[PDB]
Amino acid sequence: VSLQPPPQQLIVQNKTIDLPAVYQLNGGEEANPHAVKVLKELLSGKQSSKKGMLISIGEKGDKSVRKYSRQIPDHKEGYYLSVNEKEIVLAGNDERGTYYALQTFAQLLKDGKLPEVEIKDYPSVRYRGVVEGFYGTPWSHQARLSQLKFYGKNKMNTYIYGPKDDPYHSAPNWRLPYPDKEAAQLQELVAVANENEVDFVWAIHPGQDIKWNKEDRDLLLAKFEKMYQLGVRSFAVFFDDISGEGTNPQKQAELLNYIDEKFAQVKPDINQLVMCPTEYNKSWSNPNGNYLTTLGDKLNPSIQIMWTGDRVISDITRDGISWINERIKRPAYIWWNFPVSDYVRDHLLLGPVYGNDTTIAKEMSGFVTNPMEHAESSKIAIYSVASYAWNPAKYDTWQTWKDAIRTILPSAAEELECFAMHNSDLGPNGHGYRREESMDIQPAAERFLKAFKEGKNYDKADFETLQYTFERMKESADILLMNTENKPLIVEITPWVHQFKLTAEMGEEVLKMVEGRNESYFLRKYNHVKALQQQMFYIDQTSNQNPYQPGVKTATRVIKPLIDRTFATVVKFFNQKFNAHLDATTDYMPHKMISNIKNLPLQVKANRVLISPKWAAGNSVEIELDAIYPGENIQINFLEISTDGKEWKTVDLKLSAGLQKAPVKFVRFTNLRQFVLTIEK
């Protein structure tokens, strides 16, 4: 088996022992009852009695396992697991340890058969898990219930609740208790987290409008107190992405220490207390100021401080963690902003987890991932982060990705792999963060395109690889659409699956245009491609219509540019050959734009028509829409309207011109970061 996470020490013998038909259970009444419940499910159908094979379960100190005390590792959440033909031992250093032994035990089980094996295990990082900390639609209740079962299975002990658009988490209603319905749901979440050995850390994000007074201090404590009554035993205060007084390091420290002394140390049973600083990565840290060393010196040392790395989106390196730890005077609690896609919402990020140093476990208090608003889809990265964080020294990126996918979707693992490996890069974005994509076919794609562009003979093998890949892509899309094993996963990814299928069909038809040996056939494929472009645009305009990066982009890094440039090239070649004037545009645009900028394409985004973001006065620009619409405004960062081209009407900027529902078809500007017409849909 590929045990995930991989244990710290494992010795296996070529000898299997059947899951005994007859077992004596020793320590079921004293061991972690969440661990016992898991064992008893694994043993349904088998007989209990005082005869037959002994199964020893308990926490170090319990009589059930005092026998094995010096084999039980002396770490938080550590365990000893042993299988031989005589007996089974499942012995945690603590209750969570025992639960974790059962999670490893369940993976060892196959057909009703166990390998003869000896395991001593424990996590290299103390706090491991997920921070629901993104902008966008927060995870549904059902998605959260499923997350927490998944965290228990992969030994993640931490779930930090902090969805930026939950109004009771953030400003201004952080001051209000949750309504009954949500409160009842959070209470269930906390109970379920408890059953899966996950710390539910409730975060609050009061900083944008906090006053540094008695009144807001008390409301914050009253809100924590409410959460505590709901079952919450860990807490966080986040000061990220704010301006104003709330950024004050002295005051933040004083408030966290107050929470610490008057609440966290006064209750009998509060576990983590965590804060997110305002300077939460090195690039936003101001060496002109003293923000981080002030937190470092003033914040009670048991309080965690979160950190995203050298940048808002970054991977964690030795130099980076060393840089921060020196300032905050404790090991940073890593907030890793992957696979969060809230700033590239038209991309799914389903690639492997990589780039984080595997030797620096001792330098971090915790490691949590900030995932996508697509909960199930995020499990690929989550499963992987759990593997990494439990045993970084043995972290195998690619094998963990595969095991993740095979866990999440066993009936269609190879199809999900196919889809995921072409849906991993983020594309260009303000943070500069990129991931690999489509790496297996990138060299064949690069050689083919350079040869074809230059009139040299492409390698046949390269052409067949591209063919194979498009074929595989369609099979994967089609199978994934109908898969019923993980319906919520398929709901999340479906718009991208449709777009991926179309991408593959377009690719096939373009390769037929390359090989095409007569005019007529070439023309049929050309027209087919144009129709597929238009379908891609339709999906782009009707799926995933969020306000920030609407639409659906897929296979962007390698596959789409290859198809686009191949199509442009072969149409150029066809035009030269047949003295024809076929249009070589690669993305369908129903509206037109002319200028003297010329080839900055237009884009449609919701009810906006914009020029893709050059200060020469060549003289004019005109946009023609495909119909008459009521106009809202025109926005510009470094002007007339018409319905027919002939009668015009000047509008005055400010830069922003209101149109006041004036019918618009044409827009002209005479005498660029932004140039956007908003119309009424």
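Residue numbers run from 1 along the displayed sequence.
Undergrad: Does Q9 have no coordinates in at least a third of the other PDB entries examined?
TA: In none of the comparable entries (those modelling both sides of it) is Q9 left without coordinates.
Undergrad: Quick one: is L653 left out in at least a third of the other entries we compared?
TA: In at least a third of the other entries, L653 has no coordinates.
Undergrad: Indicate whether the chain is continuous between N596 and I597 or, if not, how many deposited residues are absent from the coordinates: none, 1 to 3, 4 to 9, or 10 or more.
TA: Gap between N596 and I597: 1 to 3 residues without coordinates.
Undergrad: Check the entry and tell me how many residues of the deposited sequence have no coordinates between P613 and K614: none, 1 to 3, 4 to 9, or 10 or more.
TA: The entry has a gap there, with 4 to 9 residues left out between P613 and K614.
Undergrad: Quick check on the record: does 414-422 or 599-607 carry the larger mean Cα temperature factor?
TA: According to the PDB entry, the answer is 599-607.
Undergrad: Please compare 29-37 with 47-55 and say which has the higher mean C-alpha temperature factor in the record.
TA: Result: 47-55.
Undergrad: Quick one: which of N518, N527, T554, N271 shows the highest Cα temperature factor in the PDB entry?
TA: Top of the list by C-alpha B-factor: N518.
Undergrad: Sort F238, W174, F578, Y161 by C-alpha B-factor from the entry and give me just the highest.
TA: Across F238, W174, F578, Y161, the entry lists the biggest C-alpha B-factor for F578.
Undergrad: Going by the recorded CA B-factors, say which third of the chain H347 sits in, lowest, middle or highest.
TA: Its C-alpha B-factor belongs to the lowest third of this chain's values.
Undergrad: For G320, does the deposited CA B-factor place it in the lowest, middle or highest third of the chain?
TA: Middle third.
Undergrad: Determine, from the deposited record, the chain-internal third of the Cα B-factor for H431: lowest, middle or highest.
TA: Its C-alpha B-factor, which the entry lists for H431, ranks in the middle third among residues of this chain.
Undergrad: For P73, does the deposited CA B-factor place it in the lowest, middle or highest third of the chain?
TA: Highest third, going by the recorded CA B-factors of the chain.
Undergrad: Would the CA B-factor of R330 place it in the lowest, middle or highest third of its chain?
TA: CA B-factor rank for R330: middle third.
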